[PDB]
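The structure appears right after this line, and notes come after that.
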Amino acid sequence: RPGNXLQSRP
Amino acid sequence: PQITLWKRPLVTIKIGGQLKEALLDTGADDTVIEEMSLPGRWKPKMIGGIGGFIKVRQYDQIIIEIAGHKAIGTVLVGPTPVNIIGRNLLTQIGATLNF
Amino acid sequence: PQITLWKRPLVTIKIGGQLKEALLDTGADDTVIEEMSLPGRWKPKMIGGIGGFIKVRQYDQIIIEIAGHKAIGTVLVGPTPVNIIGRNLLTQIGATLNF
């Protein structure tokens, strides 16, 4: 089910 | 508006009588908000992304105002590190990606 | 083009001479690709998302095509569930959000 790709740098 | 992507596309939203900041996220199927109260029934859900899954509460037929544009749809509430506006509500305000 | 968000904004990319599918993601700072071989040295990065964190390899100055548009920039490689094109390369191709 993965479908929320928020991604943040360190 | 036209929003450039030099910085995170953060906007102000109104939801549940509250003002919050949220990220416009074309890579999200769903809208996910940090813990808050919302009216109506809910059911549990698992959603995934870059680091695995989190458990949320799904609320349906929630009205949101996103940068001044009203929309209604499902809102998930749970331990998201960032409030995210996903495609289920981005469509409703007429948002597109252009290049 | 103008890409609407009723479906996932998936495009074809070219990296290493190979075509791959990736998600145009305004909610991503960076570009993250599933495991593959890239040339040169790499540096470590810990990135975060909805479910926590993953460790990835950072490669710089990588030649990549995104929906036919040429870019050269930083690509992260690791256990991402899906290939993500983030703002570091969306800005190179001139992408904006519009509503």
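Of the residues making up the range C:24-78, those that are surrounded by fewer than 16 Cβ atoms within 10 Å (Cβ to Cβ), on the phi > 0 side of the Ramachandran plot and assigned to a loop (DSSP other than H, G, I, E, B) number 2. One residue stands out in the range C:34-64 among those that are within 13 Å of another protein chain (Cβ to nearest Cβ) and out of contact with any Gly (no Cβ under 9 Å at 6 or more places or on another chain): the one that is farthest from B:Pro79 (Cα to Cα), namely C:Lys43. Total residues in the range C:34-60 satisfying the condition of being small (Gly, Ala, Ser) and touching a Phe, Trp or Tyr at 6+ places or on another chain (Cβ under 9 Å): the figure is 2. When C:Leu5 is tested against the conditions (1) of a type in the set (A, V, I, L, M, F, W, C); (2) under 12 Å from the mean Cα position of the chain (by Cα); (3) assigned to a loop (DSSP other than H, G, I, E, B), the lone failure is (2).
Each residue in the range B:15-31 was checked for being more than 7 Å from chain C (Cβ to nearest Cβ), acidic (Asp, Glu) and within 9 Å of the chain's Cα centre (by Cα), and 1 of them qualify. Do we find that C:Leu97 is over 11 Å from C:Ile13 (Cβ atoms), touching a residue at least 40 places away in the same chain (Cβ under 8 Å), within 14 Å of chain B (Cβ to nearest Cβ) and within 13 Å of the chain's Cα centre (by Cα) in this structure? Criteria not met by C:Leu97.
Scanning the range C:79-99 for residues that are part of a strand (DSSP E or B) and surrounded by fewer than 17 Cβ atoms within 10 Å (Cβ to Cβ) returns a single hit, C:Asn98.
Since every read-out is calculated from the coordinates, none of them should be taken as a lab result. Using ideal geometry, Cβ is built from the backbone for each residue, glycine included, and neighbour counts are taken over all protein chains shown.
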